[PDB]
Amino acid sequence: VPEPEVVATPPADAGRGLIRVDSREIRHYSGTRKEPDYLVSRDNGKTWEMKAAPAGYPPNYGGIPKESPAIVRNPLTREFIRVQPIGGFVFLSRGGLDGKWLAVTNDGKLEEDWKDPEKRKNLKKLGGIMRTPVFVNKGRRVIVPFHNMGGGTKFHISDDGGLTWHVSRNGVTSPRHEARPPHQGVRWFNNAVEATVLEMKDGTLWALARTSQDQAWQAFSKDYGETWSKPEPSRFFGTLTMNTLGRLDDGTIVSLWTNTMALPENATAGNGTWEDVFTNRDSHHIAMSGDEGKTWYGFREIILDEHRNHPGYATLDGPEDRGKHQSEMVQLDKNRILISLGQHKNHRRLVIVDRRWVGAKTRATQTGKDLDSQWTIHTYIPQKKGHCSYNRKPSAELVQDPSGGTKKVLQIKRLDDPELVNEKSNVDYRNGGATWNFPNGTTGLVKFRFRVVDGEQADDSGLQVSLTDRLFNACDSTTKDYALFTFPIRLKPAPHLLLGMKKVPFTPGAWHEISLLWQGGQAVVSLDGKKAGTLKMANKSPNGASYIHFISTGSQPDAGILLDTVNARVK
Amino acid sequence: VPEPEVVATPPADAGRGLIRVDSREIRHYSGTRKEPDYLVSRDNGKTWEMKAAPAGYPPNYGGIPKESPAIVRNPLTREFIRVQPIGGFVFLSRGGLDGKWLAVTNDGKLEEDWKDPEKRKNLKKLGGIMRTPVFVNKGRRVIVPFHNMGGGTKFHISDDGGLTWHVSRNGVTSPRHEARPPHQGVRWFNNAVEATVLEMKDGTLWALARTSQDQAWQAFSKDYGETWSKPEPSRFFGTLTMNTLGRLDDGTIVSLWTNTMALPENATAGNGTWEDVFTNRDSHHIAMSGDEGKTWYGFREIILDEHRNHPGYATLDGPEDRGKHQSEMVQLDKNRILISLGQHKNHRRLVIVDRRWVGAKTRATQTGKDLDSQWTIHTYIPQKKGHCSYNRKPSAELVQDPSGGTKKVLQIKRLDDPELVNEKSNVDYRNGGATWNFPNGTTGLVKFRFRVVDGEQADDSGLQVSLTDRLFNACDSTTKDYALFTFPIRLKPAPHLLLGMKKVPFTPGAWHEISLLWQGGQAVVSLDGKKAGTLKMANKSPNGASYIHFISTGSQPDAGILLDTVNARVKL
Ligand SMILES: CC(=O)N[C@@H]1[C@H](O[C@@H]2O[C@H](CO)[C@H](O)[C@H](O)[C@H]2O)[C@@H](O)[C@@H](CO)O[C@H]1O
Ligand SMILES: CC(=O)N[C@@H]1[C@H](O[C@@H]2O[C@H](CO)[C@H](O)[C@H](O)[C@H]2O)[C@@H](O)[C@@H](CO)O[C@H]1O
Ligand SMILES: CC(=O)N[C@H]1[C@H]([C@H](O)[C@H](O)CO)OC(C(=O)O)=C[C@@H]1O
Ligand SMILES: CC(=O)N[C@H]1[C@H]([C@H](O)[C@H](O)CO)OC(C(=O)O)=C[C@@H]1O
Ligand SMILES: OC[C@H]1O[C@@H](O)[C@H](O)[C@@H](O)[C@H]1O
Ligand SMILES: OC[C@H]1O[C@@H](O)[C@H](O)[C@@H](O)[C@H]1O
Ligand SMILES: [Ca+2]
Ligand SMILES: [Ca+2]
Ligand SMILES: [Cl-]
Ligand SMILES: [Cl-]
Ligand SMILES: [Cl-]
Ligand SMILES: [Cl-]
Ligand SMILES: [Cl-]
């Protein structure tokens, strides 16, 4: 099955501006303040180059330099509508993207002479931070989600193709974060911002929005966006990152988001007006549904941020927002989807995924071979740098397999590194760890191979092993508290698994395999091919397991454990 | 970055008398024949009011009512020297402008009792028409340029702070103007007069002087003013108007002048002893150099004369010399410069400019909005009035955009106005036109939008479009002969551009955009975004292009063309 393939870097942060022109040409526009331009592919997304837009295409009067306007085709007229992420005007095409453009006036007319600054004074200016215009109701209505950070999302609505506009009666909201353990402070408050909208087969609109909770929240409309239900938690985990919904030609729904859990808030997190530090923006994920959202599959990592481990992460090539959050998609053919994702010129990417890979039931890995592409291992230097960022270090390193040969394996231990401690913000990220994604399953079997390091160990040394439903940081010791299933490997007095109350001893200084076969609310744990015990599920999930998470447990520097292979198969 | 800002009217014509007192106080003295006075700002140039000078400050024994004495601070003693534009005495201060003043005697002493008429008979009297004392050679020498109208510039030199004086061996001269076409007569002869002097980094002195040629002329001294090189044309275009050079705190050189070309001389211009009529004094310009004059930028219009279009220009509130020629400068801070400029109470101004505006690389305009501030459009009623002046009319007028809406656009046509003709002096200023400044560039891109008026046209109707290196009058049909690049838009037999030998048709009844992209000795011309042709440079420039000039070409009354926007970008 074809793995995700990076094909280009878009010329703006992802989420707006990616637009199919025809069966072979796709463009990604930009937020340039100069003469407008775009990145273009003429081979259906495989190769790309920059090009200047023609003279009839309007400059970015609104928007910001790092984000393109959203550009959307009207399915009835086959023309395009363009709005900015913020500010500026509503432009409609006549003759396509390379034809004439007209700006919408306050009185519902079209202005051809928008190069005249006097004539721009009477142009319609839609308010708020906007996302993507979406045509609904057999193309007869267009709605544009917009938000205020603390006020919530509402919708700009037009019933005449964008000539005249009204605002929905209500929209989407979500509650403030409540500081309770393990948090020592409050998350940045976003009130159901950055909504994405999908029309369902029964005509309902589903709005999915970014929140300060552990998951995105959602609401529904029965009147094409004029009024919306009470909001509620969605099944898509994630916090303060963006969701995008789409639909393939065959009706399959695609959900793109950053399926992560941030680190608990620290003791200097601020009052929640703005963010203190981002600890959850280094991946992007995909899931699909063939039955109108009744069931979902996939929950696969599209990509991990290539810079995630590095001690200069926060400031390399300018401090602007960075990572793998935000996305937009264009279907390429029956199997392939093009995704623009991420923020910052060193991080944002155009990636081709294959739905057959989304639907796969197995995955395997070896830490020595696959660390850079597949393994989340970063810890943080807890000193805020750049714009709401931390620099990182790898929390674990590859070492020679003590059995000999050429294998390299991952040493997971409690680190002797004072730089990973901030006493004022009261955080200590010295426990090394590692986490790895696999296709989601409510029933599955995961096997991993590990070895106790021949070295000094602390009284509490070992490894907490968890199955989770989103990506928890490698250094997050609270993962077990949210996990679907979790148990410790304890090294002292002698090595053993603790499965409920049962202790299962095993030898140090030798490779061993542990299997977890989970189904419903129970997991059976095996050691070297022999049933060892069972685990009761610690937390229910709306989706199932899609990560295994390993973190050291020692509270003083130790030698820890080595991790070799992991494989997973789901039902 | 602010555009130039008028802040006051000085109490004398510009060029002498503007003097910084301290970090916040600046004064402009006057030529009053009564008790001396000055205009003063106590907020570093922003606001101004008149004040009487204190009792120790001498009256203007020399000079003339419309000009202040020059006042200059000695950088070593921190005291001041004062000389008149003509006549009078040499005064030195002891205790500053509001302290004691002493007059220099013929025998190199200082007279304290200059209020006594008897004692004034033995005071030193420097001859000629004098400009500004300048201290050179680490402040150890002071020199004062002086001239005779037909004899040339020389320098009064003192090596003891103004106590004793000698004259330079030579100075600056410049040739008489020659009456060759398009002239029908000779320009007023001035022999390198009104010099301004700047000390260069290497100790050379540069003198820049007003002439009867198309540009100021210059000469150089290697001995702090005793002897001067042969004279030569300078890079600063202009005729029979004043130059001023100065240097900012950071070493940047500033050149202020009137960057214009006068109309060709007419058939009754006289023998050149004195002027017949001034046709080039309605603007002032600035340029700067950070590399001791090797490279210059700016060439921007500081201001246009607000009265320039009017049919009573020559006589309003008295006929004395008027316009925007003559200037003097005082730096205000790192970015801003105060300039006194012009002549006549209704015309002379104190203006603050910003060096970041001087260094800008773009400008844009729309005729209907910007005509009064930015567009030179005047034609002349060719009847001499007042003192060497013509009354004017606007040669082009704003009309409704035919596309509809509130936009106004400028109609440029051959006028039916016999008042614009003088058959004895043989001039006919009935071709309307318009010209607009932009920052200098040896490379650049200028775009303008035009449309043919729906009306009857003559066989030669159209618009001659020129890029120039100084301001040519709106009604000057010879501009094309001096232009860096030029070409005609012709309306008959059908509308077309003529680019060399290539005819490029365009439609009537619609707006069109022409682009001119120049580099070196060629300009690429585009029409509505499509390359149309090329133009070879018609005349080289020492500086580059800083004006676009549009003039009607019809020789009988016609409907002409409309002009909407122009924009410019240089240093590509
Ligand atoms: C436009 C701008 O500079 N805004 C500043 C910052 O705004 C936002 O910060 C959040 C995180 O809190 C997020 O990264 C947004 O993308 C970003 O625009 C923010 O630093 C704020 C802090 O007081 O100041 C704003 O001016
Ligand atoms: C002092 C005076 O009245 N001078 C007369 C005039 O002199 C000068 O004229 C030139 C232009 O020719 C210029 O305008 C000077 O500023 C001005 O002083 C001039 O009219 C001259 C003509 O014969 O007679 C002078 O007496
Ligand atoms: C106009 C603006 O600020 N857009 C920003 C948006 C906004 O801050 C958030 O939606 C809360 O309002 O989020 C961020 C972000 O990476 O957090 C990137 C966008 O550029
Ligand atoms: C004493 C005197 O006449 N000074 C005049 C000066 C002089 O005529 C010229 O320098 C040729 O000598 O020029 C003029 C002028 O605007 O032309 C204004 C001065 O008041
Ligand atoms: O989760 C509750 C929601 O479930 C959806 O299937 C339905 O379309 C919504 O109207 C709402 O009932
Ligand atoms: O234009 C010629 C002049 O160039 C100057 O740089 C130099 O100082 C003068 O002495 C003279 O050579
Ligand atoms: Ca936070
Ligand atoms: Ca003359
Ligand atoms: Cl960018
Ligand atoms: Cl816009
Ligand atoms: Cl499909
Ligand atoms: Cl006066
Ligand atoms: Cl005097």
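Scoring rules and cut-offs
Residues numbered from 1 in each chain as written, not as in the entry; some residues may be left out. Chains lettered and ligands numbered in written order. Heavy atoms only, no water. UniProt positions renumbered as here; feature names shortened; annotations may be inferred. Near = heavy atom within 4 Å. Polar contact = N/O pair within 3.5 Å; in protein donor to acceptor, adjacent residues only side chain to side chain. Areas by Shrake-Rupley, 256 points an atom, 1.4 Å probe, with all protein chains shown as cover. Helix = DSSP H or I, 4+ residues; strand = E, 2+ residues; numbered from the N terminus. Pairing = 2+ DSSP bridges. Nonpolar A, V, L, I, M, F, W, Y, C, P; charged D, E, K, R; others polar. Donors = N, O, S within 2.8 Å, 3.2 Å for Na, K, Ca; no water. Buried < 20%, exposed > 50% of the residue type's maximum accessible area, 1.4 Å probe, protein only. Contact = heavy atoms within 4.5 Å.

- Determination of this PDB entry was carried out by X-ray crystallography to a resolution of 1.25 Å, according to the record.

- In the nomenclature of the PDB entry, chain B corresponds to Sialidase domain-containing protein from the organism Akkermansia muciniphila.
- Within the Protein Data Bank, this record goes by the title "Sialidases and Fucosidases of Akkermansia muciniphila are key for rapid growth on colonic mucin and nutrient sharing amongst mucin-associated human gut microbiota".
- As recorded by UniProt, the Sequence similarities (unreviewed entry) comment attached to chain B reads in full: "Belongs to the glycosyl hydrolase 33 family."
- Word for word, the UniProt comment on chain B under Catalytic activity (unreviewed entry) is "Hydrolysis of alpha-(2->3)-, alpha-(2->6)-, alpha-(2->8)- glycosidic linkages of terminal sialic acid residues in oligosaccharides, glycoproteins, glycolipids, colominic acid and synthetic substrates."

- For chain A, the PDB entry supplies the name Sialidase domain-containing protein and the organism Akkermansia muciniphila.
- Under the Sequence similarities (unreviewed entry) heading, UniProt states for chain A: "Belongs to the glycosyl hydrolase 33 family."
- Quoted verbatim from the Catalytic activity (unreviewed entry) field of UniProt, the annotation for chain A is "Hydrolysis of alpha-(2->3)-, alpha-(2->6)-, alpha-(2->8)- glycosidic linkages of terminal sialic acid residues in oligosaccharides, glycoproteins, glycolipids, colominic acid and synthetic substrates."

### Considerations on the site of ligand 5
Residue and element names in this part refer to chain A.
- The environment of ligand 5 is made up of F220, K222 and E232.
- Between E232 and ligand 5, the recorded distance is 2.8 Å, taken from a side-chain N or O atom to an oxygen atom.
- Out of a free accessible area of 310 Å², ligand 5 has 43% covered by protein chains.

### Overview of the UniProt feature "domain: Sialidase" (unreviewed entry) in chain A
- Here the UniProt-annotated "domain: Sialidase" (unreviewed entry) positions come out as residues 113–297 of chain A.
- Within residues 113–297 of chain A, the helical portion is 2% and the strand portion 36%, while the C-alpha atoms at the span's ends are 50 Å from each other.

### What to know about the pairing of strand β20 (residues 244–247) of chain B
Residues and elements named next belong to chain B.
- For β20 and strand β21 (residues 253–257), the ladder comprises four bridges, and the chain directions are antiparallel. Of the residues in β21, the one forming a bridge with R247 is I253.
- In textbook terms, the turn of a hairpin is the stretch between consecutive antiparallel strands, and for β20 and β21 this stretch comprises five residues, one of which, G251, has a positive phi near 100°.

### Section: the site of ligand 1
Residues and elements named next belong to chain A.
- Taken together, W188, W274, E275, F278, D321, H387 and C388 make up the full set of residues adjacent to ligand 1.
- In this structure, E275 approaches ligand 1 through a main-chain N or O atom, which is 3.0 Å from an oxygen atom.
- Here an oxygen atom of ligand 1 sits 2.9 Å away from a polar atom, N or O, in the side chain of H387.
- If ligand 1 stood free it would expose 540 Å²; the protein chains cover 45% of that surface.
- Each residue belonging to the shell around ligand 1 can be placed in one class, and the counts come to four nonpolar, one polar and two charged.

### A closer look at the coordination of the calcium ion (ligand 7)
Residue and element names in this part refer to chain A.
- Note on the calcium ion (ligand 7): its protein donors are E265 (OE), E265 (OE), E275 (OE) and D276 (OD). The metal-donor distances range over 2.3 to 2.6 Å.
- Classification of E265 as buried rests on a relative accessible area of 8%.
- Overall, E275 belongs to the buried group, its relative accessible area being 12%.

### Comments concerning the UniProt feature "binding site: Ca(2+)" (unreviewed entry) in chain B
All names here are of chain B.
- Under the local residue numbering, the UniProt record ascribes the feature "binding site: Ca(2+)" (unreviewed entry) to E265, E275 and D276.
- Of note, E265 is situated in the loop between β22 (260–261) and β23 (283–289).
- In contact with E265, other than residues within four places in its own chain, are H177, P182, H183, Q184, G185, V186, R187 and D276.
- With respect to the helices and strands, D276 occurs in the loop between β22 and β23.
- Each residue touching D276, except ones within four places of it in the same chain, is listed here: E265, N266, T268, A269, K384 and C388.

### Remarks on the side chain of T153 of chain A
Residues and elements named next belong to chain A.
- Its place among the elements puts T153 in strand β14 (residues 152–158).
- Among the residues examined, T153 registers a relative accessible area of 2% and is labelled buried.
- One polar contact links the side chain of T153 to the main-chain carbonyl oxygen of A192, over a distance of 2.7 Å.
- Contacts of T153, omitting those with residues within four sequence positions, involve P145, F146, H147, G171, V172, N191, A192, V193, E194 and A195.

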